[PDB]
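Okay, so here's just one chain, in C-alpha cells, the form deposited in one PDB entry.
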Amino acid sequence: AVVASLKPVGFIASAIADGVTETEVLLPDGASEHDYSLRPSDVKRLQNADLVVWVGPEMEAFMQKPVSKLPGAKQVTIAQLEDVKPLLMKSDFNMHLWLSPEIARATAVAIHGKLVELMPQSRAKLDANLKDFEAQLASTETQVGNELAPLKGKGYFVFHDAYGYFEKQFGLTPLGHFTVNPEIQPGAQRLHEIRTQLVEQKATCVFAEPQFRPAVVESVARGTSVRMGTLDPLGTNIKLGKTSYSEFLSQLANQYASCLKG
C-alpha cells in the first residue's frame, strides 16, 4: 500500500494509486496533525509500505524517525520536493501544504514517478490516473474560485492557522486565527481582543474545527452578530478514492461559504 501521514495527503495518493495499490492513512479521523504519537500498528503499516507520503519533519515530526529508515525510493517528503520548495509561503514556512492545489500537483507528480519505478506493470494506469487527477483538479479550482469569489473581502477568524495556501489562492481575507498551534490555549486576554477585532473590523464569521471542542470559539462569538461555522482541514468525513482530493477542496469551499454567504 501507499501509506499517507494525513487524510488529505491520502486523498492525493488515492487519486494516483487508484486500481494500482491501496492507500492507507496513519492519522486517524478526529486526531490533529499537531498532536499524535504512532501506535504499534501505525509503525507496522509504515515499515511495510510500498511508498510513504508525508509533508515532512517540520509538520509530522512524530514520524521522522521511521520514515528515515525507508529507502529513498519508498518515500515522498512533500516539503522537500524540488517542485515544492519554490511554492512554500512564509509563516520559517507554513507547512499546511495539502491545502495548496499547486503543491498537490507536485505531490501527485512525485507519487506517480515513484510508483512507476516500483510498479512498472502499472505504468499505463498510473499515467491515466495522473492525467485524470490534473483534469479534475483544474475543474475544481475553477469551481472553488467561483464559489468563493463573492466572499472575498469578508472578514473572519479561523481556529488555527491551517488555511493560508487555500485562502491565498482563492482570495479569501481572514482577519486572523485563535491559535497557531491548536494545542496551545489562546488565553483570556487574546480572546477578548479577538472579539474586539471582530466587532471593530466588522467580521462576518468565526470558525470552529471538528478536532477541537468549539467552546472557546463560541465564547468569543457570544454577544456579537458574528456567525459560527466549521472548517475541517483534514476532510474527516470524506472517504479515500479517485476524486477524494477534489471532493475535499469543494467541501472546504462549501464550509467557508455556508457561513460567509449573505
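One-based numbering along the sequence shown. We call the rigid core the largest set of C-alpha positions that still match within 1.5 Å between the two forms.
Beyond what is shown, the protein has a form deposited in another entry; the following relates to that form.
Undergrad: So which one of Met59, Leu231, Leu26, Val217 actually moves, Cα shift of 2 Å or more between the shown form and the other one once the core is superposed?
TA: Single residue meeting the criterion: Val217.
Undergrad: With both forms fitted on the core, give yes or no for whether the Cα of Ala124 moves by 2 angstroms or more between the shown form and the other one.
TA: No, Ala124 moves less than 2 Å.
Undergrad: For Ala138, state whether the C-alpha moves by 2 Å or more between the shown form and the other one after rigid core superposition.
TA: No, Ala138 moves less than 2 Å.
Undergrad: Can we say the CA of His192 moves by at least 2 Å between the shown form and the other one when the core is superposed?
TA: The answer is yes, as the C-alpha of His192 shifts between the shown form and the other one by 2 Å or more after core alignment.
Undergrad: Do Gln185 and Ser225 move together or apart in the other entry, judged by C-alpha distance changing 3 Å or more?
TA: Closer is correct, given that in the other entry the C-alpha spacing of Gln185 to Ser225 is reduced by at least 3 Å.
Undergrad: In the other entry, do the Cα atoms of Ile184 and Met228 sit closer or farther apart than here, given a shift of 3 Å or more?
TA: Relative to the shown form, the pair is closer.
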